[PDB]
Amino acid sequence: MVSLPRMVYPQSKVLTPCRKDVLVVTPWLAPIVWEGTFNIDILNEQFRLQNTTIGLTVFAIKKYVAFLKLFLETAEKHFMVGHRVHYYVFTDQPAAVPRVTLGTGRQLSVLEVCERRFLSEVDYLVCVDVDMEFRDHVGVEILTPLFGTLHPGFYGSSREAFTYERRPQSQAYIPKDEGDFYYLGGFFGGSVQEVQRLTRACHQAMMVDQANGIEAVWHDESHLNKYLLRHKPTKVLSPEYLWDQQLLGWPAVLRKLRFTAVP
Ligand SMILES: CCCCCCO[C@@H]1O[C@H](CO)[C@H](O)C[C@H]1O[C@@H]1O[C@@H](C)[C@@H](O)[C@@H](O)[C@@H]1O
Ligand SMILES: O=c1ccn([C@@H]2O[C@H](COP(=O)(O)OP(=O)(O)O)[C@@H](O)[C@H]2O)c(=O)[nH]1
Ligand SMILES: [Hg+2]
Ligand SMILES: [Hg+2]
Ligand SMILES: [Hg+2]
Ligand SMILES: [Hg+2]
């Protein structure tokens, strides 16, 4: 709750949009995070004064443990640098986790495969896929009670084309005339409380489907989209936050490619 210190930065013009090529705010007034929309110095101050701790979770089972080295190494260079970070690696191969050198204020926990511990160790949880690498800044601008990320392959598509689950028998069902955006199952997060609510809701929904003998078209991602349709995220991250350059190139609307798939 402490006041920010004196800071010097250019004034923002009220009669000048920051981006004229993209939507920077949703209909429910949640910002859509694109490069140019935020002053990272102001945001860093706000979150540091709060002594914010960010938890980053990844699952690495079977062959996916081979992606951990690059993932963690690049995270050390681009993820929440300057803030307290706690990595949680869930794996079936504890002894296979690479020994990565971490900067100060950052720690790593290996969990072999207790929601209460999250509430006690971190303020925010970020959940992502491990077969990726950070290529640019991914900082506190993403922190909020609940956020989803615009899928790189559908940010420009009409909702009818969104690959939501379309069968009424599934708990993840979303009709052709509903839907705001198509979010990624591989990059979401928010406060520990909101994240656990989302995962708990999706777990229950998937069990109901299982009992009914049906599996959503895109599994977890399908349910996450249904959850975020009914519980609007407080921030939405642009595709800058999860991209595949090999498959999608580098469009003009993307000033930075922050987190990407590994070729
Ligand atoms: C219009 C063309 C779309 C190109 C992207 C397809 O991405 C895939 O989308 C489905 C949902 O419809 C699901 O999310 C898997 C996703 O594929 C993964 O992510 C993309 C970005 C690539 O990295 C693929 O190699 C991945 O398998
Ligand atoms: O049949 C599958 C394929 C992937 N995954 C999970 O999805 C993550 C990344 O997904 P994928 O292998 O599809 O790669 P990506 O789409 O992220 O590039 C992996 O860590 C797994 O935990 C899964 O549960 N089932
Ligand atoms: Hg998580
Ligand atoms: Hg859900
Ligand atoms: Hg689930
Ligand atoms: Hg989910």
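Every residue number used here counts from 1 along the chain in the order it is shown.
According to its header, this structure was worked out by X-ray crystallography, 1.9 Å.
Cβ atoms are placed via backbone N, Cα and C, with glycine included.
Straight from Swiss-Prot, the features:
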| type | residues | note |
| --- | --- | --- |
| CARBOHYD | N51 | N-linked glycosylation site |
| BINDING | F59, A60, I61, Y64, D129, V130, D131 | UDP-N-acetyl-alpha-D-galactosamine binding site |
| BINDING | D129, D131 | Mn(2+) binding site |
| ACT_SITE | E221 | active site, nucleophile |
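Location within the structure of each feature annotated in Swiss-Prot.
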residue: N51; record: N-linked glycosylation site; Cβ neighbours (10 Å): 9
residue: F59; record: UDP-N-acetyl-alpha-D-galactosamine binding site; Cβ neighbours (10 Å): 16
residue: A60; record: UDP-N-acetyl-alpha-D-galactosamine binding site; Cβ neighbours (10 Å): 23
residue: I61; record: UDP-N-acetyl-alpha-D-galactosamine binding site; Cβ neighbours (10 Å): 12
residue: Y64; record: UDP-N-acetyl-alpha-D-galactosamine binding site; Cβ neighbours (10 Å): 17
residue: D129; record: UDP-N-acetyl-alpha-D-galactosamine binding site; Cβ neighbours (10 Å): 19
residue: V130; record: UDP-N-acetyl-alpha-D-galactosamine binding site; Cβ neighbours (10 Å): 23
residue: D131; record: UDP-N-acetyl-alpha-D-galactosamine binding site; Cβ neighbours (10 Å): 17
residue: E221; record: active site, nucleophile; Cβ neighbours (10 Å): 22
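Listed recorded positions: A60, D129, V130, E221. Those with a CB atom under 6 Å from ligand 2: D129, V130. Taking the centre of the Cβ atoms of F59, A60, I61, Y64, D129, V130, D131 as the UDP-N-acetyl-alpha-D-galactosamine site, the nearby residues of that chain (Cβ within 8 Å, site residues left out) are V58, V65, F67, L68, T91. With 20 residues left out of the model between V113 and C114, the distance spanned by their C-alpha atoms equals 12 Å.
In this structure the C-alpha atoms belonging to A60 (UDP-N-acetyl-alpha-D-galactosamine binding site) and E221 (active site, nucleophile) are separated by 18 Å.
With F59, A60, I61, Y64, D129, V130, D131 listed as the residues that bind UDP-N-acetyl-alpha-D-galactosamine, the site has a largest C-alpha separation of 11 Å.
In this structure the C-alpha atoms belonging to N51 (N-linked glycosylation site) and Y64 (UDP-N-acetyl-alpha-D-galactosamine binding site) are separated by 33 Å. Cα-Cα distance from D129 (UDP-N-acetyl-alpha-D-galactosamine binding site) to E221 (active site, nucleophile): 12 Å (rounded to the nearest whole number).
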